[PDB]
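Trainee: The data below comprise the sequence and an experimental structure of the protein.
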Amino acid sequence: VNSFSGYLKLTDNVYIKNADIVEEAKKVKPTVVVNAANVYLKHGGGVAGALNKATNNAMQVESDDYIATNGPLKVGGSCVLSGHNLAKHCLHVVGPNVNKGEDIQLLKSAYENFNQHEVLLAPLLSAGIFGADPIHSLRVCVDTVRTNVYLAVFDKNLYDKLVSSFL
Ligand SMILES: OC[C@H](Cc1ccccc1)Nc1ncnc2[nH]ccc12
Ligand SMILES: [Cl-]
């Protein structure tokens, strides 16, 4: 039993809810919140920009030190950093950004990072400003993640289409 509330159960391990991931993380304080990161951990917009704003830019400061030490992430890769005031940890995961021409096949690799954590609060990878079809992203999530994932879809209209169209 966990403290996530109001989700629809898509599968044995995948749940979905119309919610602002920022407000969800603040309420639940999950062990792991997933960020829709880029390889530079530049959290300028989308989910990343909003999560960073909620940390008063502490996420960006920590991320800049991480990049200075380690260099950029790989597309499809991840790193674990602090969750600041939002969660214990933040799993920064880089899904492909179609608006950069990045290979969409890497979306499965991106979701595989979730399997290293027993329970996660997450957005749909490569959705929003990363340019992928959120319906496809949900399918890859369900077919790749085996740990317990609580998906937050900010857009209510998009949420209804994902649920109604889910096979
Ligand atoms: O896939 C991630 C989606 C992308 C999206 C945004 C808008 C319309 C359609 C798709 N973004 C978010 N999901 C959950 N919480 C969020 N907080 C801020 C952004 C955000
Ligand atoms: Cl977005």
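Mentor: Looks like it came in fine. Numbers count the residues shown, from 1 in each chain. Ligands and ions are numbered 1, 2, ... in the order given.
Trainee: Distance from stretch 49-65 to the middle of the chain?
Mentor: 15 Å (C-alpha atoms, centre = their mean, to the nearest Å).
Trainee: Export it to CSV, keeping only CA atoms.
Mentor: Output in CSV follows, covering the C-alpha atoms of stretch 49-65 (Å, rounded to 0.1, in the frame of the first residue of the first chain):
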residue,chain,number,x,y,z
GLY,A,49,11.4,23.6,-16.3
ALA,A,50,8.3,23.3,-14.0
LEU,A,51,10.0,20.8,-11.6
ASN,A,52,13.1,23.0,-11.3
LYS,A,53,11.0,26.1,-10.6
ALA,A,54,9.3,24.3,-7.7
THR,A,55,12.8,23.7,-6.2
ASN,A,56,13.7,27.4,-6.4
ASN,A,57,16.4,26.5,-9.0
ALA,A,58,18.2,24.1,-6.6
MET,A,59,17.7,21.3,-9.1
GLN,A,60,19.5,23.3,-11.8
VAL,A,61,22.4,24.2,-9.5
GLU,A,62,22.9,20.5,-8.5
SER,A,63,22.5,19.5,-12.2
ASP,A,64,25.2,22.0,-13.4
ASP,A,65,27.6,20.5,-10.9
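Trainee: Please list the residues outside it that contact it.
Mentor: Stretch 49-65 has contacts (C-beta atoms under 8 Å, 6 or more residues apart in numbering) with 20-22, 25-26, 33, 35, 41-43, 81-82, 84-86, 90, 92. Bear in mind the C-beta positions are built from the backbone N, C-alpha and C, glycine included.
Trainee: Which of these fall in helices?
Mentor: 21, 22, 25, 26 (DSSP state H).
Trainee: dump the residue contacts of the third one.
Mentor: Listed by C-beta under 8 Å, 6+ apart, the contact set of residue 25 reads 33, 51, 54, 83, 86, 87, 121.
Trainee: how far away is the third one from residue 61?
Mentor: This means residue 54. 14 Å (C-beta to C-beta, to the nearest Å).
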